[PDB]
Amino acid sequence: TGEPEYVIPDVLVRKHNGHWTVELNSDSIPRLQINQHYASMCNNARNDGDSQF
Amino acid sequence: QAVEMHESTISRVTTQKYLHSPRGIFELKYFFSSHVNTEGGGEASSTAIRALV
Amino acid sequence: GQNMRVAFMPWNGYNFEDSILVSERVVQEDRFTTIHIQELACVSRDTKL
DNA sequence: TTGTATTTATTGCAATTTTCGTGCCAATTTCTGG
DNA sequence: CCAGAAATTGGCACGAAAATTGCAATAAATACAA
């Protein structure tokens, strides 16, 4: 009773047109984003504490 | 020297990173090894010597 | 299918309610024998060990 | 004509530990004569 | 056949080379109001 354990690679290397192509694993590359809804209220007409925050 | 950085950056970047190749899954640190002098001015990596043995 | 020599009559309750009585010569001649083919797969993967 | 607040541009050293190869020797396996 | 005499290996030590981490906020270019 058991099952083997795997590791998700960080870098992929393959051979295309006789040349070695190297890239990052697109399924595991971290990324972020800026929330436009909260950042779109950065207007001086609002409170100054809110603006500096 | 090849990428024009310090050795500390190379050491930190290649910690617990995994590379997938048509041969298998390896570590980025797995490709660094010592050498043993070969007659004629050549060098032999310890990994190659272990494989030969 | 196959061409069969057939009679329409009751036979001792063995063709009761859409039952069919078949001769042994039909079996001996392999007239309704079929071939079935099945596939099995073994996958060898790569692990961390 | 200029002085100030904002936006990007900064991913390298120097101790310090860990590891590399390799020689010396003492406790085990093989080589040779009556 | 058997006992006295020769190779084998792993621990320990040596210098030297290499991998590791503690340094945590700075400086230069650019736009605007007097």
Side-chain angles (χ1 to χ4, degrees), chain A residues 1-45 47-53, chain B, chain C residues 1-2 18-49:
Chain A
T1 54
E3 221 172 30
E5 45 278 338
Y6 310 89
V7 46
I8 305 179
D10 296 306
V11 175
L12 301 183
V13 176
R14 292 180 187 272
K15 185 176 181 181
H16 194 45
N17 195 16
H19 314 331
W20 295 105
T21 62
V22 179
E23 62 169 354
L24 299 181
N25 199 339
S26 58
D27 310 7
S28 58
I29 162 183
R31 60 253 305 187
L32 292 178
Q33 200 176 16
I34 292 180
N35 175 259
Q36 307 292 351
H37 185 273
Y38 294 160
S40 60
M41 69 178 57
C42 184
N43 299 317
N44 302 335
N47 299 267
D48 300 326
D50 314 6
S51 299
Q52 61 179 0
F53 177 86
Chain B
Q1 184 187 26
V3 306
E4 293 176 335
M5 292 183 182
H6 191 254
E7 57 176 354
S8 63
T9 302
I10 302 301
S11 171
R12 293 198 182 98
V13 166
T14 58
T15 303
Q16 287 154 346
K17 307 292 162 51
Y18 283 80
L19 183 153
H20 178 60
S21 160
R23 317 191 68 84
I25 311 178
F26 296 98
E27 300 141 324
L28 263 59
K29 198 169 297 298
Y30 173 81
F31 299 95
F32 307 106
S33 58
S34 64
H35 62 160
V36 175
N37 293 13
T38 292
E39 179 67 20
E43 296 178 348
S45 178
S46 60
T47 302
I49 297 183
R50 252 184 295 266
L52 289 179
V53 166
Chain C
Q2 302 284 328
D18 301 324
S19 303
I20 300 177
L21 178 77
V22 179
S23 182
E24 198 188 17
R25 176 164 296 172
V26 179
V27 187
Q28 293 177 6
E29 295 178 340
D30 297 313
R31 306 205 58 184
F32 286 105
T33 298
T34 56
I35 295 177
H36 299 256
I37 305 175
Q38 184 191 11
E39 176 198 326
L40 303 89
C42 176
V43 184
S44 100
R45 288 188 172 91
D46 203 328
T47 62
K48 58 186 292 181
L49 304 171

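The analysis underlying the following values was restricted to heavy atoms, covering all of them including side chains, and did not include hydrogens, waters or symmetry mates. Order of the sequence lines sets the chain letters (A, B, ...), proteins ahead of strands, with each chain counted from 1.
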- Show your working on side chain to side chain contact (heavy atoms under 4.5 Å, CB included) between B:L28 and B:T15 and close with a plain yes or no. CA-CA 7 Å; B:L28 263 59; B:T15 303; over 6 Å; no
- Message: What is the separation between atom CD on B:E7 and atom P on D:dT19, rounded to the nearest whole Å?
- Response: 17 Å
- Could you let me know what E:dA6 is paired to, Watson-Crick or G-U wobble, both distances under 3.5 Å, or none if it's on its own? D:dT29
- Task: Would you mind calling the pucker of E:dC12 north or south from its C1'-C2'-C3'-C4' torsion?
- Result: south
- Query: Can you find a pair of side-chain heavy atoms, one from B:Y18 and one from B:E27, that are under 4.5 Å apart?
  - Reply: yes
- Message: Expressed as a whole number of angstroms, how long is the span from B:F32:CZ to E:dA18:P?
- Response: 13 Å
- Specify the closest pair of heavy atoms between A:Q52 and A:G49, including all atoms of both residues, with the distance to one decimal. CG-O, 3.1 Å
- Message: Under 5.5 Å between six-membered ring centres and under 30° between their planes: does that hold for the bases of E:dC12 and E:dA13?
- Response: yes
- CG of A:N44 versus P of D:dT6: gap in Å, rounded? 12 Å
- Hey, does the side chain of B:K29 come within less than 4.0 Å of E:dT20's phosphate (OP1/OP2), counting only N and O? yes
- Item | Contact check, side chains of A:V22 and A:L12, non-hydrogen atoms, under 4.5 Å | no
- Message: So for D:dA26, where does the sugar sit by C1'-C2'-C3'-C4', north or south?
- Response: south
- Is D:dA14 paired with E:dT21, either Watson-Crick or G-U wobble, both distances below 3.5 Å? yes
- Would you indicate, from the sign of the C1'-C2'-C3'-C4' dihedral, whether D:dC13 has a north or a south sugar? south
- Over all heavy atoms of both residues, which pair between C:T47 and A:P4 is shortest? Give the atoms and the distance, please. CG2-CB, 3.7 Å
- Message: As a test of reading torsions: judging only by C1'-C2'-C3'-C4', is the sugar of E:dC14 on the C3'-endo (north) or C2'-endo (south) side?
- Response: north
- Task: Find the distance B:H6:NE2 to D:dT11:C1' and express it as a whole number of Å.
- Result: 11 Å
- Do the six-ring planes of D:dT7 and D:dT8 sit under 30° apart with centres under 5.5 Å? yes
- What's the CZ-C1' distance between B:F31 and E:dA18, to the nearest Å? 19 Å
- Item | Rounded distance in Å between the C1' positions of E:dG22 and D:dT11 | 16 Å
- Grab the CD1-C1' distance between B:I10 and E:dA18 for me, whole Å please. 14 Å
- Message: Quick check on D:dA9: syn or anti? Syn means the glycosidic torsion is within 90 degrees of zero.
- Response: anti
Distance-only criterion, 3.5 Å: show the donor-acceptor pairs between side-chain atoms of residues 32-39 of chain B and protein atoms not counting sequence neighbours.
| residue | atom | partner | partner atom | Å |
| --- | --- | --- | --- | --- |
| B:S33 | OG | B:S45 | OG | 2.4 |
| B:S34 | OG | B:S46 | OG | 3.3 |
| B:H35 | ND1 | B:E43 | OE2 | 3.3 |

- Query: Below 4.0 angstrom from OP1 or OP2 of D:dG12, is there any side-chain N or O of B:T9?
  - Reply: yes
Between the protein and nucleotides 20-22 of chain D, list the N/O to N/O atom pairs that are separated by less than 3.5 angstrom.
| residue | atom | partner | partner atom | Å |
| --- | --- | --- | --- | --- |
| D:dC20 | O3' | B:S34 | OG | 2.9 |
| D:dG21 | OP1 | B:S34 | OG | 2.8 |

- G-U wobble or Watson-Crick pairing nucleotide for E:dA24 (cut-off 3.5 Å, both distances): none
- Query: Between B:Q16 (CD) and E:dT21 (P), how many Å, whole number?
  - Reply: 10 Å
- Which pair of heavy atoms, one from A:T21 and one from A:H16, lies closest together, and at what distance? CG2-CB, 4.2 Å
- Can you name the closest pair of heavy atoms from C:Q2 and C:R31 and give their distance? OE1-NH2, 2.9 Å
- Message: Does the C1'-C2'-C3'-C4' torsion put D:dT10 in the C3'-endo-side north group or the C2'-endo-side south group?
- Response: north
- Item | Ring-ring stack between E:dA24 and E:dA25, thresholds 5.5 Å and 30° | no
- Could you state the CE-P distance from B:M5 to D:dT10, rounded to the nearest angstrom? 12 Å
